[PDB]
Structure formats: C-alpha cells, structure tokens
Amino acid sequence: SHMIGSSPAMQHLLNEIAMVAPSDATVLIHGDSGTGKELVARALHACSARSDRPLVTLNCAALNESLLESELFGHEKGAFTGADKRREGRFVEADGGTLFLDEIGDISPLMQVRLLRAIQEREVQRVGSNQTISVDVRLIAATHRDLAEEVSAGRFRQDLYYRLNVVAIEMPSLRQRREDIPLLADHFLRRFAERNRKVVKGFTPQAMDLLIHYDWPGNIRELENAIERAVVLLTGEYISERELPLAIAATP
C-alpha cells in the first residue's frame, strides 16, 4: 500500500502520479508484467480526490466475452446457464468511485465496443433489458501490450484507445530502481519469515548485492518468488547466496 522508491526513474514515476491523479482523467498504465502496476493504480486512487470512496478492481485476464460482460456490467435472472439472482455489476459498484481494470489489452471487440459507451456516455446497460443506468466512475486501465500496435494491428479500436490513453503512465522495471530492491527486499523477507513462522532476519551482504543487481525479467513477481524461496529453504537466520534461486549465479 505504498512503494519503495527513488532511484531516478522511480522518482519521475512518483512525479507523474502526483501531478496527474486529480480525479477526472482516465489513466493508462503501460509496462511489462512484473512491475507494480497494480500498486501504481493504488497510488493513483489514493493521491487525488476519491481517496475515501471505494476502489473497485477486476482483472480482465482470461474471462470469456460472456463472463466478462456480466462481471463488468450488470446482469439479471435471465442469463443462460442456471443462475437467477440479479447481479449488479462493477461499473455501478464503483459509481462515484474508481474502477481499475487490469490486463485490458485483450478484451474482445464487443467488449471494447461496450467498454467504450461505458466511458463515452455515462450509461451502463445490464446484461439484459434497457437498464440504461448511468454512472460516474474514474477509470484506470493497465496493460502490458502496445495498445498503439493493437490498434494498427486491427485488434483494438481507436475510439477506445483514444479514450483510455488520455494520461499515460509508463511503469519502470525493477532494474530501473535498483535503489529500492534492498528495502523492497526486506519487506517480503518479513512477510514470509512470518508466514512460515521461521526465525529469519537479515540478508548476508553478499546475497543482497546479487539481489540489488539482478531481478530483471519478472521484476517484483520474480524477486517475491526468489525470496519466499530462500526463507523456506533457510536453515538458520540470514538468507545467503546458496538460498537464492539458481538464476542468481546462473545469470553472470
């Protein structure tokens, strides 16, 4: 619910969130997977104007056109595989708050089309009747693809694109924030040292160095794996070079 910051790139990013977050503008978070995009969504909601109002958030990852539609929009008893107990929806659930859809770069056209209207004109029809149901949400999308490319590739639309990529933040990699790793590191060292009830404290100066120096391709995701691993493997108190994943040495 915060971040481990400054290193140059890390700073710039903080600068942007600060500047932009004031409520109305939709926001597109771009960057490879592995870096706290979620977090940067968090930081957005927090820093501007609806810091007290809810922060709805779903991940469109792989839910099929159908499920997604419903989950996003609304839905009543008349839906084809046996469940009848009207579901509100998320956009609504956020009405007057903040919606955060993650991994948007692959929604089906149709959903692009809907998602558009969603944003275009405050309305939101439930999966069913003309429940024109207007709403008022501040949107924040995230993805790791070249939306611009998707557009030209013809898999994604201008209209939606041009309505999402209003204010764009670009997520720097773990590598672009060496300076944090250590501190970031300790953070998990503590979560899991506890989760396994293991007494652990401190990295040996050697490991922290390789740590500070590696963790590229799955930035946090990667580190967070590499640590939890050490603590579970650790027979003593300080995680060392031989408690870290092979790709520690396997990289030089």
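For every residue, the number given is its place in the sequence shown, counted from 1.
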item: Mean C-alpha temperature factor, higher of 28 to 36 and 60 to 68; value: 60 to 68
item: 200 to 208 versus 46 to 54 - greater average Cα B-factor per the deposited record; value: 46 to 54
item: Member of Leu160, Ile169, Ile133, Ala148 with the greatest C-alpha B factor (per the PDB record); value: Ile133
item: Out of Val127, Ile107, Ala118, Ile181, residue topping the C-alpha B-factor column of the entry; value: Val127
item: CA B-factor ranking of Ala230, expressed as a third of its chain; value: highest
item: Within-chain third of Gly154 by Cα B-factor, per the entry; value: lowest
item: Assigned third (lowest, middle, highest) for the C-alpha B factor of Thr81; value: highest
item: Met19 by Cα B-factor - lowest, middle or highest third of the modelled chain; value: highest
item: For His75, the third of its chain into which the C-alpha B factor falls; value: highest
